[PDB]
Ligand SMILES: [Ca+2]
Ligand SMILES: [Ca+2]
Ligand SMILES: [Ca+2]
Ligand SMILES: [Ca+2]
Ligand SMILES: [Ca+2]
Ligand SMILES: [Ca+2]
Ligand SMILES: [Ca+2]
Ligand SMILES: [Ca+2]
Ligand SMILES: [Ca+2]
Ligand SMILES: [Ca+2]
Ligand SMILES: [Ca+2]
Ligand SMILES: [Ca+2]
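Chains as they are written, first to last, in PDB author numbering: chain B, 10 to 156; chain C, 9 to 159; chain D, 10 to 156; chain A, 9 to 157; chain A', 9 to 157; chain D', 10 to 156; chain C', 9 to 159; chain B', 10 to 156. A prime marks a further copy of an entry chain.
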């Protein structure tokens with residue numbers, strides 16, 4: 010029994026046991042109890058907090074890559090953005106400030122996250138404000154220490 | 009070590025690029041392709057089984073180990089999820105043409121037709137040069153059918 | 010003593026107790042009370058609902074694979090098909106819509122199953138319609154929620 | 009990092025194939041073999057004891073652990089079940105020849121004959137290059153006999 | 009047997025330099041550039057991806073293997089760390105101009121503006137010929153904006 | 010799994026395990042448990058005790074270079090100096106005599122370190138005296154055996 | 009192929025020498041300089057970075073390949089090891105003058121002063137025409153300092 | 010790992026592994042575990058037994074020159090002499106007959122070495138007699154077959 014944490018779009022985890030330490034994308038989604046499989050995105054959450062998309066037929070050695078967290082979410086489209094310089098992809102059109110501050114690896118209570126706009130004023134994303142990643146352009150997010 | 013890779017765009021137009029490092033990052037690939045700003049471009053290694061694997065700007069990729077000689081770079085703020093002949097794929101542009109689909113499927117585009125398979129409803133044929141909108145609600149399912157008379 | 014449910018082609022189950030946690034294909038067929046052994050197919054029903062054929066001399070560790078369900082049916086030929094994208098094999102020439110929707114892992118009452126024909130009209134398979142899998146070609150089935 | 013496996017067709021013509029992954033899926037094998045559409049092809053790992061094990065397109069298979077160096081890919085909508093010298097086998101094509109049978113049996117095809125054994129009735133001999141129809145009703149039982157002169 | 013490399017100063021004025029060794033040390037580069045004392049000069053190979061890599065006086069550097077044809081030498085007792093469009097950079101001189109930044113960024117300086125991005129606060133635009141002081145506390149983050157008319 | 014000692018500006022070490030033998034500068038800083046990544050300098054500590062700066066996106070084969078020690082420290086500026094003739098860079102404005110004598114590869118108890126001033130008096134750096142490297146000029150240090 | 013090389017002595021007095029072979033040996037150089045016995049003379053090619061590389065009588069040296077046009081020949085039974093501004097050097101004569109040191113350092117001797125750097129002790133200034141004894145115990149460390157007023 | 014033999018003034022070797030096949034003089038001395046670096050002479054021992062001095066900052070391709078032996082010794086002065094017609098330099102004021110006969114490439118047991126004085130009697134250097142190369146003049150040594 011291989012235990013992996015499966016996260017949803019809100020970064021709530023569910024413990025899942027795998028019989029094969031090298032699952033496919035299908036095996037992860039099936040074990041997560043999600044259907045139809047073709048409607049769900051699966052993204053291994055790397056040790057450096059990077060989200061790496063996996064294909065349903067792509068084999069992935071969890072042990073070799075040191076991956077113990079997986080993200081599964083219903084998605085027909087992935088949105089591209091940056092948080093503290095990390096290239097990321099988000100499977101849901103919306104994302105909240107606390108999730109961002111979590112992706113950044115900071116204490117969400119102690120930091121603020123802004124949509125950084127070069128040359129214009131930055132837009133602060135509130136902890137529970139759902140930010141629309143469907144905006145035109147690649148969204149650039151950065152965390153600021155909350156004194 | 010000069011590594012030659014074919015860099016494809018959303019239209020599958022290729023350009024040869026020579027790399028000094030056989031294990032480049034996504035950032036290095038986009039830079040070598042002569043594209044800026046780097047943060048506005050998606051890079052997807054085109055695997056030998058024709059699967060498109062997105063790469064991050066900081067993600068190292070051994071081209072020799074993975075047997076990858078083709079790379080896709082395209083301007084993209086969002087990736088669209090779809091299936092072609094059962095293959096899990098991602099497309100960096102809102103549009104994709106029938107010739108690209110049949111190419112992703114690994115068929116000779118002249119001898120095949122590609123359809124958007126609608127379960128329980130009539131299938132919609134995608135013309136070779138018709139720009140198909142992958143931004144439609146739902147995950148688009150495409151399948152290639154042998155075209156009796158190459159038209 | 011390992012208890013396993015043994016299914017027939019109609020997915021009617023019978024509990025069978027095994028003295029060996031690593032049986033052979035013959036041992037399963039014998040324990041299921043079917044003879045002659047050479048006229049019966051045995052397919053381990055994997056956790057992801059994939060049917061993996063077993064040989065009469067092939068040893069199979071049920072615990073390692075987490076397999077607790079087995080399908081036994083008389084068969085001189087296996088028919089190849091897909092259900093919601095899963096590579097499957099069926100030991101009988103016929104299969105019903107309710108069995109397909111069961112293989113698909115859906116609630117058969119809440120879903121409809123179609124034989125997907127690319128470019129032509131799709132054929133809906135009734136719950137108790139026995140579909141002839143001996144037709145030329147690989148049969149492709151997909152389940153749709155019944156709105 | 010190139011893993012070599014021989015890929016056989018229904019007539020037992022082989023092609024060497026190099027894999028980047030020593031544990032490919034069935035899909036990866038068929039794609040690497042250059043066969044399309046993938047959904048129309050069956051893949052069966054040829055085990056060291058001459059057993060043919062069907063693989064799914066999504067089923068991972070450790071070639072090295074199983075000691076498998078030969079693979080069979082063939083266009084197939086149906087597998088036919090038969091026995092050769094007591095070995096449980098499946099053939100993805102409706103036809104099989106005596107030389108292929110004697111090959112599966114691990115005997116020298118020149119020194120042996122293969123018969124379709126019929127219990128209580130007369131046995132039917134399968135010629136080396138006779139293509140035998142496995143679509144006959146029932147499970148086909150084949151057995152090899154030494155061609156002792 | 010003459011290997012040509014361009015040597016840049018802090019203002020990006022270049023001088024062609026011929027080397028007898030395609031793998032010189034940092035000392036050899038500075039000496040060949042005609043700079044003294046050598047211990048007062050920093051040398052940073054300008055990589056093909058516009059990355060500036062500091063070299064030690066005793067560090068051997070294969071120019072051909074790295075595809076490096078441009079070199080930066082400048083008088084420096086301290087390197088200042090900053091970012092331009094996400095690239096980790098070091099500048100050996102306390103000052104840097106907008107045109108130099110846009111040059112490091114690989115953009116057409118006429119068609120772009122460069123800003124010092126301040127998260128949550130107002131951004132400071134760096135003029136082409138404004139000499140910006142990198143000695144400010146913190147790591148300086150610069151980002152280029154298209155001067156779309 | 011590659012184990013490396015990660016040093017701070019005081020040369021206090023922490024063992025860090027890496028999943029990749031060719032990490033990037035970001036990957037090292039992330040694994041060391043330091044954030045934000047953009048505020049930290051990383052310097053591979055070469056076998057000849059030379060400190061080679063690494064970029065956040067610069068891949069570094071630790072095995073090829075035989076590097077098993079890494080220095081990570083928060084830094085907005087690197088200071089240039091010499092110790093026993095070695096071109097070095099220090100990420101912090103201050104450096105102690107014991108660290109210098111350590112960089113020099115000498116036994117700090119058996120040696121004295123001086124800031125060599127040509128033509129003027131040399132300044133001895135105490136083991137725990139924090140020397141200000143932000144002074145104008147390139148600092149030249151040389152170690153002398155304490156007779 | 010007449011190759012012209014400047015031959016310097018311990019005092020850095022030059023004499024032009026024409027060579028028939030662009031790849032001479034140390035023996036050939038000393039002979040061409042008009043010095044005998046050959047076995048009593050050291051020859052050190054003066055590299056472009058001002059480093060002095062000793063040559064053996066039988067050692068071939070491609071002047072064109074190494075870009076060397078200056079050669080040092082001097083009577084010597086022993087070479088002395090020293091440093092100037094961090095450069096590893098060898099001197100064939102027991103004595104060396106401050107002007108030669110500042111010349112080896114590549115500075116204008118009028119605008120600079122050269123010191124024997126003593127770690128932890130006071131530095132000893134070497135005058136331009138003071139003959140410095142390199143036979144002192146230890147490796148001598150010299151460093152040039154800008155002379156505020158050219159004296 | 011590039012293996013080179015490092016010799017001392019007595020021609021005793023120590024195996025040393027190099028990470029770079031083109032080391033500098035510093036890299037050799039550092040790997041040899043000698044300090045301070047500025048107090049040591051390094052001389053590549055050429056295939057024809059010629060000793061070629063290297064600078065601390067001089068790059069030397071061991072493979073191109075076919076060099077696998079290196080001599081490191083503490084030295085502030087090199088002494089010039091000839092053995093069997095070979096122009097040589099010795100970093101230590103003293104040298105023994107066995108080392109000379111070794112430099113000459115002869116069997117030290119089967120040969121005698123003399124300081125050849127033209128017109129005067131030659132002085133024989135005993136195998137373990139330490140000969141003072143600080144004598145005025147260039148020392149001329151020649152090996153004689155010991156019948
Ligand atoms: Ca702003
Ligand atoms: Ca967006
Ligand atoms: Ca879509
Ligand atoms: Ca249809
Ligand atoms: Ca069928
Ligand atoms: Ca049959
Ligand atoms: Ca700064
Ligand atoms: Ca002093
Ligand atoms: Ca300083
Ligand atoms: Ca001396
Ligand atoms: Ca005599
Ligand atoms: Ca002497």
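Just so you know, even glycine gets a beta-carbon here, dropped at the ideal spot from N, CA and C.
Pairwise C-alpha distance: residue j and residue i
{"i": "residue 61 of chain C'", "j": "residue 101 of chain D'", "result": "39 Å"}
{"i": "residue 148 of chain B'", "j": "residue 107 of chain B'", "result": "16 Å"}
{"i": "residue 20 of chain B", "j": "residue 85 of chain C", "result": "22 Å"}
{"i": "residue 103 of chain A", "j": "residue 12 of chain B", "result": "46 Å"}
{"i": "residue 35 of chain D", "j": "residue 54 of chain B", "result": "44 Å"}
{"i": "residue 26 of chain D'", "j": "residue 71 of chain C", "result": "25 Å"}
{"i": "residue 150 of chain D", "j": "residue 117 of chain A'", "result": "58 Å"}
{"i": "residue 153 of chain C", "j": "residue 57 of chain B", "result": "43 Å"}
{"i": "residue 109 of chain B'", "j": "residue 22 of chain B'", "result": "16 Å"}
{"i": "residue 130 of chain B", "j": "residue 74 of chain C", "result": "44 Å"}
{"i": "residue 59 of chain A'", "j": "residue 98 of chain A'", "result": "9 Å"}
Neighbour list for residue i in chain C, Cβ cutoff strictly below 8 Å
{"i": "residue 107 of chain D", "result": "Within chain C, no residue comes near residue 107 of chain D; the closest Cβ sits about 17 Å away, beyond 8 Å."}
Residues bridged to residue i [DSSP beta-bridge criterion]
{"i": "residue 103 of chain D", "result": "D:141"}
{"i": "residue 86 of chain B", "result": "C:88"}
{"i": "residue 148 of chain D", "result": "D:90"}
{"i": "residue 23 of chain C", "result": "C:15"}
{"i": "residue 68 of chain A", "result": "A:33"}
{"i": "residue 98 of chain D'", "result": "D':89"}
{"i": "residue 4 of chain C'", "result": "As shown, chain C' starts at 9 and ends at 159. That puts residue 4 of chain C' outside it, with no answer to give."}
{"i": "residue 61 of chain D'", "result": "D':53"}
Nearest-angstrom beta carbon gap, residue j and residue i [assumed within contact, 8 Å]
{"i": "residue 82 of chain C", "j": "residue 113 of chain C", "result": "Not confirmed; about 19 Å, so no contact."}
{"i": "residue 79 of chain A'", "j": "residue 126 of chain A'", "result": "The pair is not a contact, with the Cβ atoms about 33 Å apart (cut-off 8 Å)."}
{"i": "residue 68 of chain C'", "j": "residue 28 of chain C'", "result": "Not quite, the Cβ-Cβ distance comes to about 14 Å (not below 8 Å), so this is no contact."}
{"i": "residue 121 of chain A", "j": "residue 144 of chain A", "result": "Contact flag wrong, Cβ pair sits at about 20 Å."}
{"i": "residue 124 of chain A'", "j": "residue 132 of chain A'", "result": "4 Å"}
Under 8 Å by beta carbon: chain C' residues contacting residue i
{"i": "residue 153 of chain D'", "result": "127 and 128"}
Reference residue i; option with closest CA among the options
{"i": "residue 44 of chain B", "options": "D:143, D:129 and D:111", "result": "D:111"}
{"i": "residue 77 of chain D'", "options": "D':52, D':65 and D':98", "result": "D':52"}
{"i": "residue 39 of chain C", "options": "A':139, A':140, A':129 and A':93", "result": "A':93"}
{"i": "residue 46 of chain B'", "options": "B':65, B':141 and B':59", "result": "B':65"}
{"i": "residue 146 of chain A'", "options": "A':95, A':74 and A':90", "result": "A':90"}
{"i": "residue 138 of chain B", "options": "B:10, B:119, B:15 and B:105", "result": "B:105"}
{"i": "residue 134 of chain D'", "options": "C':128, C':134 and C':136", "result": "C':128"}
Interface partners of residue i on chain A', CB under 8 Å
{"i": "residue 28 of chain C", "result": "56, 73, 74 and 75"}
Proximal residues of chain B, C-beta to C-beta of residue i below 8 Å
{"i": "residue 133 of chain A'", "result": "128"}
Contacts of residue i in chain D (Cβ-Cβ under 7 Å)
{"i": "residue 147 of chain A", "result": "47, 48 and 85"}
Cross-chain neighbours of residue i in chain B', by beta carbon under 8 Å
{"i": "residue 35 of chain A'", "result": "66"}
Beta-carbon neighbours of residue i, restricted to chain D' and to distances below 8 Å
{"i": "residue 53 of chain A'", "result": "Within chain D', no residue comes near residue 53 of chain A'; the closest Cβ sits about 12 Å away, beyond 8 Å."}
Interface partners of residue i on chain C, CB under 7 Å
{"i": "residue 91 of chain B", "result": "47"}
9 Å Cβ cut-off: residues of chain A' touching residue i
{"i": "residue 123 of chain B", "result": "127 and 128"}
9 Å Cβ cut-off: residues of chain D touching residue i
{"i": "residue 32 of chain A", "result": "Correct list: empty, because the minimum Cβ distance to chain D is about 14 Å."}
Chain C residues whose Cβ lies nearer than 9 Å to that of residue i
{"i": "residue 94 of chain D", "result": "91 and 94"}
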